[PDB]
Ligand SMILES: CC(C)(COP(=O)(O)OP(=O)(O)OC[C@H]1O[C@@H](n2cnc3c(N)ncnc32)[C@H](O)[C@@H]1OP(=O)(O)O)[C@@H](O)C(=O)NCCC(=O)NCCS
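Next up: a single chain in structure tokens, the form solved without the named molecule.
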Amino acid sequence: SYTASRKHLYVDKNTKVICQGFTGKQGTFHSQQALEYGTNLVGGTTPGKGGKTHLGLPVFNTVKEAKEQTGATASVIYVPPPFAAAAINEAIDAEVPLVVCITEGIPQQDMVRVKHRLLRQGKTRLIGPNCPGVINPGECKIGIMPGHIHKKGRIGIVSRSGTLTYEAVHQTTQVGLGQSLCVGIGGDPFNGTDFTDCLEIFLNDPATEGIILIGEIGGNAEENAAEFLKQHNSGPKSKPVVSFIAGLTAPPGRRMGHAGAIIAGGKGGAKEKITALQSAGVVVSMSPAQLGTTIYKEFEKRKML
């Protein structure tokens, strides 16, 4: 069902993308640049401008139309918080294979309702909300990340922080390792894609030889992930996995910039996350600055260099 939609997380040069909230300050800004990177932005949306043009592109009234008229297999959302929720269901209704919500600030309850709708279908796969987006170095870029720092390669990256991903991307290009696919799952407690949805893809993607997982305090996404790795990434043909969890020093009960980054009622701490992942043979970097070299060593230890 919904797990069937993981397939849609792997955007590529073939991915045709539309923008919801297209003529907005953000939609417009990240669209001018989504172009300059080489993303196939085929149009966008806004109520009451169907037929018009923005950035030399078409502006439809409904996600429904826009898709049936451009054949977009993906949609991105920059809309303000009080409307990001609606924007997602609208993409879900129009059955857009891929939906990436960037918007930070959607009421959690709204996200719970979206997750409800979402899980009982397999046409749409959601990334976010409150995330940087997704990128396939060289072929496609949906989101707000600095595309130029990326370089097609081998490391597969999935993370809850954007800045922390960039750090990671920077580190694996310095070491000349490059990235296969980068998915920023978000900073919120309730989103459409977790660590396992991506670990699932990485593990079965021949292009990805290694994986970098970046987590932080809050929830148990890191834990379920460590479980999964033990079950599916153990063996001979197991792919190396390096990670770094953020917040080993955060004070309890405090929301750390991310609605989801908070240790509450004893749950969410970073150390468990590191102890668990290690049990699943994940090599954990104790320094966010050593992500690059660490995984470089792992590929080294297996003459995968």
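Each residue number is its position in the shown sequence, starting from 1.
Heads up, the form solved in complex with the named molecule isn't pictured, but that's what we're talking about next.
Undergrad: Does the named molecule, in the deposited bound form, lie within 4.5 angstroms of each residue among 21, 27 and 80, using heavy atoms as the measure?
TA: Yes, the whole trio is in contact, each within 4.5 Å by some heavy atom.
Undergrad: Answer with yes or no whether residue 131 is in contact with the named molecule in the deposited bound form, where contact means some heavy atom within 4.5 Å.
TA: Taking the distances in the deposited bound form, the answer for residue 131 is yes, it comes within 4.5 Å of the named molecule.
Undergrad: Taking any heavy atom pair closer than or equal to 4.5 Å as contact, tell me whether residue 31 reaches the named molecule in the deposited bound form.
TA: Contact check for residue 31: no, nothing within 4.5 Å of the named molecule in the deposited bound form.
Undergrad: With the cut-off set at 4.5 Å between non-hydrogen atoms, does residue 144 touch the named molecule in the deposited bound form?
TA: Yes - in the deposited bound form, heavy atoms of residue 144 and the named molecule come within 4.5 Å of each other.
Undergrad: In the deposited bound form, does residue 87 come within 4.5 Å of the named molecule, counting heavy atoms only?
TA: Residue 87: yes, in contact with the named molecule in the deposited bound form.
Undergrad: Can you pick the one in 93, 104, 139, 167 that has a heavy atom within 4.5 Å of the named molecule in the deposited bound form?
TA: It is 104.
Undergrad: 46, 238, 278, 69: which sits within 4.5 Å of the named molecule in the deposited bound form by any heavy atom?
TA: So the residue touching the named molecule in the deposited bound form, by this definition, is 46.
Undergrad: Tell me which of 119-127, 210-218, 229-237, 96-104 has residues with heavy atoms within 4.5 angstroms of the named molecule in the deposited bound form?
TA: Of the stretches listed, the one contacting the partner is 96-104.
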